[PDB]
Structure formats: C-alpha cells, structure tokens
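A lone chain, given as structure tokens: the form deposited in one PDB entry.
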C-alpha cells in the first residue's frame, strides 16, 4: 500500500529526523537501528535535522495515533513511541509509514487476498480495515505482501485474541501464509520501497 502521491515521497529519499527527550539510551539506539535498517536495504537516508522545514520527531508518549504516511511538508511530523511500542520491528513499521506506506491489508486489491471478519472487530475500530480508495495507492506491480512489516496480525483490533479479524484467502507454499511479522523488512517491502524511491 505505497502512496500514489509523488509529493509525499521524500526528495532524494532524504528524511531529516529529531530524537526527542525522555528516551533512555537503549531506546535511542533502537531508533537508530531501525533507521539504519531502512538505509541498508533501500536508497532512503536518515540525517540529523539542522535547518529543514520537513522532519520526523521521535516523541515519547502513548502508542497509537498518529503516524503521517509520507512527507507531510512545511513542518515536523511526530512518531509516537511509548512503553508498549518501542521495539525495533514496531519502529521499523512506523518508519514504513514515514517513507509513505499505508497498511498492507488496506490495498485496493486486498479482497482478493484476505477476508475481513467484521463481526470480530472491536466496535469503533472498523475504520482501520477500510480499503484505501484506489486513487490513494499505487502498488508498482508488486503483489500483495503477506510478510510485509506493514501487514496486520490475524487478530489485530479483535474482540479477543482467539478471534481472527483477518484471514488469508489462499495457501502459499503449502499453508495459509503467516501475517503480522514485526522482525524485519520483507523481501516485498524492500523490493517495493526500492521502486517507490527509484533506487539503483
């Protein structure tokens, strides 16, 4: 679910950043490792903000709302990192939003790949499962990526842990594909991020 809008793509893949106060050194290191992880596999670059108008701010506060997708422009944009969402893979997911990725399960073509079990979604959280309107996303020829760092888990926003909200529609190499990994950027995430930033 890569943004269709070329203005939300960060110029030359250069994202200026600021790590805010109230983080431990250990937490600061995790942010750095996450940014490096994006730098390693793609042509995107994270640089300490000096006098730029556009930059990301790692901000110590409760998890959740909200992570701007792509370059907002004309000011800073925050990444909320709290006690329960400070791990490497979650930060990599958040930086996935920064570069310009929506959630994978909201791709305009997602109904061919996953079923959404509406009855199991927490009341009031159903909007998190709405498809992106087709004018907001361009997949760049890349297939639906079940392994994406941007893909929800099977029971994200579920009424209970043993109730699925998202069920993959078909088998992939013998079995229903696992979804919701927060370990590392997928082959698909990299391949698609390389396309979005025209990397060599």
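Between two forms, the rigid core is defined as the largest C-alpha subset superposing within 1.5 Å. Numbering follows the first chain given and starts at 1.
What comes next is about the form deposited in another entry, which is not displayed.
- After superposition on the rigid core, displacement of the C-alpha of residue 118 between the shown form and the other one amounts to 2 Å or more.
- After superposing the rigid core, the C-alpha of residue 77 moves by less than 2 Å between the shown form and the other one.
- Residue displacement note: residue 128 has its CA displaced by at least 2 Å between the shown form and the other one (rigid core superposed).
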